[PDB]
Amino acid sequence: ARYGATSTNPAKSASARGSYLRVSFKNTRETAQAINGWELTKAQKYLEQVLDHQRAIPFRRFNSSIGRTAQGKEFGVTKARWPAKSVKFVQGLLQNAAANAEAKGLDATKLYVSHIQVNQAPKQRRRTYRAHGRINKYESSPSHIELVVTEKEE
Amino acid sequence: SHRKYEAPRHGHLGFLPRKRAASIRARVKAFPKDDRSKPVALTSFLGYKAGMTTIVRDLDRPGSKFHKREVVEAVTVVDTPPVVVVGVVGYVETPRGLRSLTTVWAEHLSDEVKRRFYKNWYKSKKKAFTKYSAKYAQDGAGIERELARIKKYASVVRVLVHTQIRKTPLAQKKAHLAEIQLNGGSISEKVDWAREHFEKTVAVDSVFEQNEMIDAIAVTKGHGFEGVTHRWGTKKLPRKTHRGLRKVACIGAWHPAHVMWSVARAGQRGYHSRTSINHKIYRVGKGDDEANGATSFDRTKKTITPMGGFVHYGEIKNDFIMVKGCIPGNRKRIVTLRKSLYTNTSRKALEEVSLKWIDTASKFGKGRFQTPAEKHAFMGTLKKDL
RNA sequence: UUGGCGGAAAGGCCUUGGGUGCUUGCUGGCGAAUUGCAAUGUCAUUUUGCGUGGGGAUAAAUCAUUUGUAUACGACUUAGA
RNA sequence: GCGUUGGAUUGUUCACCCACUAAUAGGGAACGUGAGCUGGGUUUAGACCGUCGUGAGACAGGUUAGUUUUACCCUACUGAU
RNA sequence: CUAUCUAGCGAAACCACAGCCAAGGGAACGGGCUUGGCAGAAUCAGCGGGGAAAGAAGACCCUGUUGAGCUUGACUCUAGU
RNA sequence: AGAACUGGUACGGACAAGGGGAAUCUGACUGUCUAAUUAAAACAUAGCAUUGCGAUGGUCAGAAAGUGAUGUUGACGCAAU
RNA sequence: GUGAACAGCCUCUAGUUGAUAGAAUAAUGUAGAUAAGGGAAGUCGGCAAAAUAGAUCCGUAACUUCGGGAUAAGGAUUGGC
RNA sequence: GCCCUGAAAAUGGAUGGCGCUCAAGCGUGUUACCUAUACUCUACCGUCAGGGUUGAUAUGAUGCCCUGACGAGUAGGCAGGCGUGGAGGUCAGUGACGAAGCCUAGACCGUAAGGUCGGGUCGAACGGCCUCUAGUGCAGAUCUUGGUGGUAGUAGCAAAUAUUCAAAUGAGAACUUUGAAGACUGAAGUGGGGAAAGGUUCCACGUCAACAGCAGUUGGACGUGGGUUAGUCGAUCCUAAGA
RNA sequence: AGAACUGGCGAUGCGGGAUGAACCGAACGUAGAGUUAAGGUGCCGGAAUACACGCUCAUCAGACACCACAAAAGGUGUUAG
RNA sequence: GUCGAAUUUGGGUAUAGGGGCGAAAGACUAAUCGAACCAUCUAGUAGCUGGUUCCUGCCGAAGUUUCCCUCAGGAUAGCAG
RNA sequence: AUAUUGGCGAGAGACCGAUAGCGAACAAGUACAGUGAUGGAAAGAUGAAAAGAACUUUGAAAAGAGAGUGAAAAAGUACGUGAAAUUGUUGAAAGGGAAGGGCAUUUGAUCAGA
Ligand SMILES: [K+]
Ligand SMILES: [K+]
Ligand SMILES: [Mg+2]
Ligand SMILES: [Mg+2]
Ligand SMILES: [Mg+2]
Ligand SMILES: [Mg+2]
Ligand SMILES: [Mg+2]
Ligand SMILES: [Mg+2]
Ligand SMILES: [Mg+2]
Ligand SMILES: [Mg+2]
Ligand SMILES: [Mg+2]
Ligand SMILES: [Mg+2]
Ligand SMILES: [Mg+2]
Ligand SMILES: [Mg+2]
Ligand SMILES: [Mg+2]
Ligand SMILES: [Mg+2]
Ligand SMILES: [Mg+2]
Ligand SMILES: [Mg+2]
Ligand SMILES: [Mg+2]
Ligand SMILES: [Mg+2]
Ligand SMILES: [Mg+2]
Ligand SMILES: [Mg+2]
Ligand SMILES: [Mg+2]
Ligand SMILES: [Mg+2]
Ligand SMILES: [Mg+2]
Ligand SMILES: [Mg+2]
Ligand SMILES: [Mg+2]
Ligand SMILES: [Mg+2]
Ligand SMILES: [Mg+2]
Ligand SMILES: [Mg+2]
Ligand SMILES: [Mg+2]
Ligand SMILES: [Mg+2]
Ligand SMILES: [Mg+2]
Ligand SMILES: [Mg+2]
Ligand SMILES: [Mg+2]
Ligand SMILES: [Mg+2]
Ligand SMILES: [Mg+2]
Ligand SMILES: [Mg+2]
Ligand SMILES: [Mg+2]
Ligand SMILES: [Mg+2]
Ligand SMILES: [Mg+2]
Ligand SMILES: [Mg+2]
Ligand SMILES: [Mg+2]
Ligand SMILES: [Mg+2]
Ligand SMILES: [Mg+2]
Ligand SMILES: [Mg+2]
Ligand SMILES: [Mg+2]
Ligand SMILES: [Mg+2]
Ligand SMILES: [Mg+2]
Ligand SMILES: [Mg+2]
Ligand SMILES: [Mg+2]
Ligand SMILES: [Mg+2]
Ligand SMILES: [Mg+2]
Ligand SMILES: [Mg+2]
Ligand SMILES: [Mg+2]
Ligand SMILES: [Mg+2]
Ligand SMILES: [Mg+2]
Ligand SMILES: [Mg+2]
Ligand SMILES: [Mg+2]
Ligand SMILES: [Mg+2]
Ligand SMILES: [Mg+2]
Ligand SMILES: [Mg+2]
Ligand SMILES: [Mg+2]
Ligand SMILES: [Mg+2]
Ligand SMILES: [Mg+2]
Ligand SMILES: [Mg+2]
Ligand SMILES: [Mg+2]
Ligand SMILES: [Mg+2]
Ligand SMILES: [Mg+2]
Ligand SMILES: [Mg+2]
Ligand SMILES: [Mg+2]
Ligand SMILES: [Mg+2]
Ligand SMILES: [Mg+2]
Ligand SMILES: [Mg+2]
Ligand SMILES: [Mg+2]
Ligand SMILES: [Mg+2]
Ligand SMILES: [Mg+2]
Ligand SMILES: [Mg+2]
Ligand SMILES: [Mg+2]
Ligand SMILES: [Mg+2]
């Protein structure tokens, strides 16, 4: 309960979330922003294509010195990637939201991703060993992911 | 302090930037100055670099220690199929430079030139110029008025011509379209020349002649990212050098506190547009003319195509221009040959070559035989055949 | 509406003929008010969307595969109903 | 504007000589340039000699050995979208 | 084999704010100030001119009425003899 | 050990495995040290020379001892250079 | 087994197949090499690299503490049957 | 007098720039004009000074009012005030019908320190006034503790020749098991054992939240258990340097 | 580098000298109006491309003190003596 | 480089901080050596560096005299509240 | 009669209130480090009561969406409240080699006062 700021009808909306998921926060944010606002089935097809390496997730914020690819032209970017782990997590949350929408009795053909946000979970801490007997952090950046799918109206 | 030992600069600053050319076809940035008394003729031609070979010819150079005896010279052979005239472009003089007033194309365009106007030909609907072809419905009233505007205006007239690349062994299959300036007086006749020549082919015999000095404009062979040592010829650092020795040691003084444009730095080498001048044509041979590679002294029935074909290009079956030395660009690459921009009279030009022998041995190795007939005559009978 | 001229950024200029409206060139009749003593007292041009009608035509590019005249990756050059 | 060298000795700058050359002009750019190099010298710690000092030690006195670290940031430049 | 790209993983140095120049003056070498030149999103790979780059409260020099190692008929003592 | 024949005169056919000579300065040599910048000509060495001492002693320990090392020793020894 | 050999290389018993991987093959690197002619002209300095290398036979200087120098130097041969 | 020669330095650049030639240059004269936190007047704030006013209801004579002048400021001094923890008195002060706290480009008051209110969140205490008291105010101290960034999804995860196919298990297999192939350690081993050390890592079962810098169904991980059998092997006995 | 008197900066803002601690003017509570100081009135830039008498043409003209430089010596350049 | 005797090394043992040990480098003595590590005296002293926490109002300096083992400090007189 | 930072038993405070107060409010001289002498932390709070989420559905599962308990789940044992740095989503605005600021006004948004 108590998702992020949403401006859609809870009666026409269905939500899903995953917390403390050990997946890169930056990659998951880019994956979520790639499908934010999309139709449910179109977003699922796009995520399957990304997993197949047929389309790519455009990296807009966490993209410094990552690399260039030709699949970013449709998104007006040169920097896109294929964050398979984030795509799988978001696909799991999308199918969870589809199940909840079906349970509530929403039109699956009118479902679009009305809201999706990824934020930083508490970091899981490990240690790495560095020259001259030094110890540095090796922390992961897990994600809390949430999304709400709503029936499109006029 | 000073350099303490003077040395000429590494590299030429007039060839900057050392970036990739914007197109695989080098632009002709200058055409011969128009002399309004000569007949209307093309000032350039479009061909493809096939490869190199060697010839023997008597050197006609009075005053030389080695006059009137035989020299072996490298020559580059460029396949030059006739270009089809498919358009006409007029340029009027403006205080801001030359400006294209209008362009009048031919009625019917081959798929070869139409392919240039598409990136995906296989899935296209080939609608190009279909409404333009309707401009010739009954009399081409719009067309003749458009040509009349070119005559009333447009102090410079260029024809739009494209290569017949399906006649070359290239798998490209897409023609190269270029504008060639029409030199010769009576601009009205230039449009008359172009209009009459719509859908018509122009052969290399009408542009180039034997012994003529022509200009080679082509995009050089690309070599990707290159270090300073080979990109500019800078001195290799000693073997003792830490962090590598294929570098430039000092890239700048403390002040100005910036790397200067004149310092050799690593980057892309090659694939640059070059215009190399004063290359002499030694042959204007004809594709239909069997025994292309023969001379008045050999008479052996052999074409210009080397035994086994030009390496990486194939067999030459069209008109070809043989130039002395080498030209920018690699094999299979589109090249444009233009007239010399001045009248060169130095006894290197105006010197009339007559070939004595043309090398037709295989470029695929240490070729021993000019013709398959000679190979059989030498080795005799083999077990496989012959 | 007729014809001509203008390519330097022409996109405008000149002209034949008729139609309609005004005509303060001159002489008349009618109306104004209350915006209350002034309040720019809203009259111009610049895009965009939308609805109603009429006119007009019925593609490409990118990804993916491939090529290698190219190339770190992009990019470039290709080919494929 | 365009060139202004190859070498013997010496860490050397400088100097001198051999030789070619058209010429072997003089300089700056934090006495340009060590996250460009090298470390021959100077300029740590080891060691020898001469002089000085009673001595520990001193020497623009000589000699030998002696770790040259980091760029992935911004800009600049070279290329590339 | 890297470097490059991708899947997964994933730090550190450093960080007044930050980042285009020329000249002027200025704490006498500016990224900011003044006068000019200029100046168009977002970027990738190299690179080592600059950030008087980073690493260390300069180890060279000086001061301190701060030491310490060592030496000598410095001063004052002392084990032993 | 020898001979004949044989071969793209190859044959320690891969592996394996001294470069050599003429000298100069310096330390005799073998050996030892600054672990983590100095392996050296530095230290050590046999050799040479000097000094002290016959035990109620020389040299050196212990705060002191009915305490010790040399000494389970004796000048061809121990101790200090 | 080859080989003087616990040298190097390969194999039998036994054990392992464990180091994050995939795709291309730019620059600059790390490691390994080659290079026509010249042969230290590079450099402080032959640094680094190359050259020599096993075995049999011939031959082997100055000097010397007569013990060495010495594998001096310089040469010839090497397989299979 | 003006101008020219004398008059050569290094990034491209400076009457400030543009530019200016009976000047927009130089010498000189006459006016008009522009504007400083300066000057004149006025308004308001504060400070200082001189006064008026207990003839009352007049509760603020530290009060009210009149008049004149002034106001820069580091080190520094003094004065008047704001705020915090706690304390005595008082407001028979506020509050579960919501105290404190926190958020609030919402409003008001004060020059300011700050104060007050509206809304949201929240849940148990708290405040105005007179006065007392101090462990009483932070932007720095390469300040301390803790947390968090850009760097940055970047550097990188490159020594030890090397892995490949199929099946099984499993939600999921480059990494687990089995089989096949190809290799390596090549007996001074990547083999078989032991001493020091470790202490259950040995083995079985179930099992993957964390670790195995990828992954994982596997493990020297996790949870539960099982396992070390001596007259002859050692300690134990003896003595060595020594204590 | 060191003294004397005074004024300033330090401690000080403002207008001007583009830019500047010291120079010129003027010292500062919050504002309005007016006039000015020094400095300026081609544009940047508010203010006369004002008036008047003359001088100067520079193939490195010249352009407001502090101040950001120029000299001796020359010129039938030109002007006045 | 050395590799059969001044060899390498396991275990036990002895030498402990102004002490040991040192084929000697001020070398080693548990990543610590020109005097190890731990705790305490100790919150050691520092004329030296850094920091020093709310507002407003009023006034408002000095780098000068003399003395000091004094010249980075203090006292004194002066300036100021 | 005088001393008493130790032991035992008490009564108190203008003392501190979990980075404070003893190092230790808690399995604190504990975990852990060092060969050793010694060094030595961090760490309190759901809710009145677990009433700690029965059950349905999606997923292999962790969990999610419903349902439910509860005064409150804006209290879910990662729990009284829940700031800032920093981050995501949505909304609004600006942006030619910084940004932030002052005077004055335009414009947009919002708002008290009679
Ligand atoms: K001393
Ligand atoms: K010392
Ligand atoms: Mg970048
Ligand atoms: Mg490491
Ligand atoms: Mg370590
Ligand atoms: Mg020079
Ligand atoms: Mg070349
Ligand atoms: Mg090196
Ligand atoms: Mg060939
Ligand atoms: Mg220098
Ligand atoms: Mg440098
Ligand atoms: Mg360096
Ligand atoms: Mg040296
Ligand atoms: Mg002496
Ligand atoms: Mg990178
Ligand atoms: Mg500058
Ligand atoms: Mg200067
Ligand atoms: Mg700076
Ligand atoms: Mg500016
Ligand atoms: Mg670099
Ligand atoms: Mg730099
Ligand atoms: Mg210092
Ligand atoms: Mg220091
Ligand atoms: Mg003193
Ligand atoms: Mg003292
Ligand atoms: Mg002392
Ligand atoms: Mg020796
Ligand atoms: Mg020996
Ligand atoms: Mg050493
Ligand atoms: Mg060494
Ligand atoms: Mg044998
Ligand atoms: Mg060679
Ligand atoms: Mg050779
Ligand atoms: Mg030779
Ligand atoms: Mg030399
Ligand atoms: Mg040399
Ligand atoms: Mg060598
Ligand atoms: Mg020999
Ligand atoms: Mg010899
Ligand atoms: Mg002059
Ligand atoms: Mg002016
Ligand atoms: Mg004047
Ligand atoms: Mg005023
Ligand atoms: Mg004041
Ligand atoms: Mg208190
Ligand atoms: Mg409340
Ligand atoms: Mg706020
Ligand atoms: Mg409560
Ligand atoms: Mg305090
Ligand atoms: Mg703070
Ligand atoms: Mg402060
Ligand atoms: Mg700090
Ligand atoms: Mg910290
Ligand atoms: Mg990386
Ligand atoms: Mg690496
Ligand atoms: Mg490996
Ligand atoms: Mg593997
Ligand atoms: Mg297997
Ligand atoms: Mg093997
Ligand atoms: Mg096991
Ligand atoms: Mg892992
Ligand atoms: Mg895992
Ligand atoms: Mg276990
Ligand atoms: Mg026994
Ligand atoms: Mg001062
Ligand atoms: Mg000035
Ligand atoms: Mg004056
Ligand atoms: Mg003006
Ligand atoms: Mg003169
Ligand atoms: Mg010493
Ligand atoms: Mg103190
Ligand atoms: Mg005052
Ligand atoms: Mg000081
Ligand atoms: Mg505590
Ligand atoms: Mg808490
Ligand atoms: Mg509540
Ligand atoms: Mg909470
Ligand atoms: Mg925040
Ligand atoms: Mg930009
Ligand atoms: Mg502004």
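Here is the naming used below: chain letters follow the sequence lines, and residue numbers restart at 1 for every chain.
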[N]: syn or anti, per glycosidic angle within 90° of 0:
{"N": "D:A56", "answer": "anti"}
{"N": "K:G70", "answer": "anti"}
{"N": "G:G37", "answer": "anti"}
{"N": "H:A58", "answer": "syn"}

Which nucleotide in the list [options] gets nearest to the side chain of [X]?
{"X": "B:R231", "options": "D:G79, E:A22, H:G149", "result": "D:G79"}
{"X": "B:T94", "options": "C:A8, D:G32, D:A76", "result": "C:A8"}
{"X": "B:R331", "options": "D:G79, C:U69, E:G8", "result": "C:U69"}
{"X": "B:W254", "options": "H:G213, C:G7, E:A52", "result": "E:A52"}
{"X": "B:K127", "options": "H:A152, C:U58, D:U4", "result": "C:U58"}
{"X": "B:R333", "options": "H:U154, D:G27, C:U69", "result": "C:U69"}

Are the side chain of B:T336 and the backbone of B:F45 linked by a donor-acceptor contact shorter than 3.5 Å?
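Confirmed, B:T336 side chain pairs with B:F45 backbone.
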Categorize [X] for me: base, sugar-phosphate, or nothing, with a 4.0 angstrom heavy-atom threshold over every strand shown.
{"X": "B:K332", "result": "base"}
{"X": "B:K49", "result": "nothing"}
{"X": "A:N96", "result": "base"}
{"X": "B:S124", "result": "sugar-phosphate"}
{"X": "B:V263", "result": "nothing"}
{"X": "A:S141", "result": "base"}
{"X": "A:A99", "result": "sugar-phosphate"}
{"X": "A:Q54", "result": "base"}
{"X": "A:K88", "result": "nothing"}
{"X": "A:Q49", "result": "nothing"}
{"X": "B:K235", "result": "nothing"}

So which protein N/O to nucleotides 155-159 of chain H N/O distances come out below 3.5 Å?
none

Between [N] and [M], how many Å separate the two [atom1] atoms, rounded to a whole number?
{"N": "D:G61", "M": "D:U42", "atom1": "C1'", "answer": "15 Å"}
{"N": "H:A155", "M": "E:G10", "atom1": "P", "answer": "15 Å"}
{"N": "G:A35", "M": "G:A49", "atom1": "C1'", "answer": "14 Å"}
{"N": "H:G135", "M": "K:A14", "atom1": "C1'", "answer": "14 Å"}
{"N": "K:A98", "M": "E:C33", "atom1": "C1'", "answer": "16 Å"}

Students should find this one: the first and last nucleotides of RNA chain K, 5' to 3', lying under 4.0 Å from a heavy atom of chain A. What are they?
K:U58 to K:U90
In terms of ring plane angle, is the pair B:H176 and B:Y48 parallel, tilted or perpendicular, where the classes change at 30° and 60°?
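Tilted, since the angle between the ring planes falls between 30° and 60°.
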Going by the angle between their ring planes, with limits at 30° and 60°, are A:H53 and A:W82 parallel, tilted or perpendicular?
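Plane angle under 30°, so parallel.
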Partners passing salt bridge (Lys or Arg N to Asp or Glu O under 4.0 Å) against A:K12 (at least two apart in sequence or in another chain):
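Counting only residues at least two positions away or on another chain, A:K12 forms a salt bridge (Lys or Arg N to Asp or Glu O under 4.0 Å) with A:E151.
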By salt bridge (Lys or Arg N to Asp or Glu O under 4.0 Å) - contacts of A:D107 (at least two apart)
A:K110
Before accepting this row, confirm whether a basic side-chain N of the pair B:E146/B:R149 lies closer than 4.0 Å to the acidic partner's carboxylate O.
yes
Check A:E74 with A:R55, please: is the shortest side-chain N to carboxylate O separation under 4.0 Å?
yes
Can you name the one residue among A:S13, A:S15, A:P10 that meets side-chain contact (heavy atoms from CB on, under 4.5 Å) with A:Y3?
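Passing option: A:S15.
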Aromatic ring centroids of B:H10 and B:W232 under 6.0 Å?
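Not close enough - the centres of the two rings lie 6.0 Å or further apart.
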Is any side-chain N or O of [X] under 3.5 Å from a base N or O of [N], one able to act as donor and the other as acceptor?
{"X": "A:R81", "N": "H:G153", "result": "no"}
{"X": "B:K123", "N": "C:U62", "result": "yes"}
{"X": "B:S1", "N": "D:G28", "result": "no"}
{"X": "B:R243", "N": "D:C37", "result": "no"}
{"X": "A:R55", "N": "C:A64", "result": "no"}

Reading nucleotides 72-79 of chain C from 5' to 3' and marking B where a protein heavy atom lies under 4.0 Å of the base, S where only the sugar-phosphate is that close, and - otherwise, the string is BBBBSSSS
Check the interface with nucleotides 15-23 of chain D: list each N/O to N/O pair with the protein under 3.5 Å, or write none.
none

N or O in side chain of B:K4 less than 4.0 angstrom from D:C14 OP1/OP2:
yes
Short side-chain N/O contact from B:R265 to OP1 or OP2 of E:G48, under 4.0 Å:
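For B:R265, the contact criterion (side-chain N or O under 4.0 Å from OP1 or OP2 of E:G48) is not met.
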Is there stacking between H:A155 and H:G156, using centres under 5.5 angstrom and an angle under 30 degrees?
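As far as the 5.5 Å and 30° test goes, H:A155 stacks onto H:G156.
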Indicate yes if the six-membered rings of H:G110 and H:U111 are centred less than 5.5 Å apart and inclined by less than 30°, otherwise no.
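Not stacked, because at least one condition fails for the base rings of H:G110 and H:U111.
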Test side chain to side chain contact (heavy atoms under 4.5 Å, CB included) applied to B:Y271 and B:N330, step by step
CA-CA 10 Å; B:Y271 207 71; B:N330 64 334; over 6 Å; no
Between E:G10 (P) and A:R125 (CZ): distance, integer Å
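After rounding, the gap between these two atoms is 13 Å.
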B:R3 atom CZ is separated from D:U4 atom P, nearest whole Å, by 8 Å
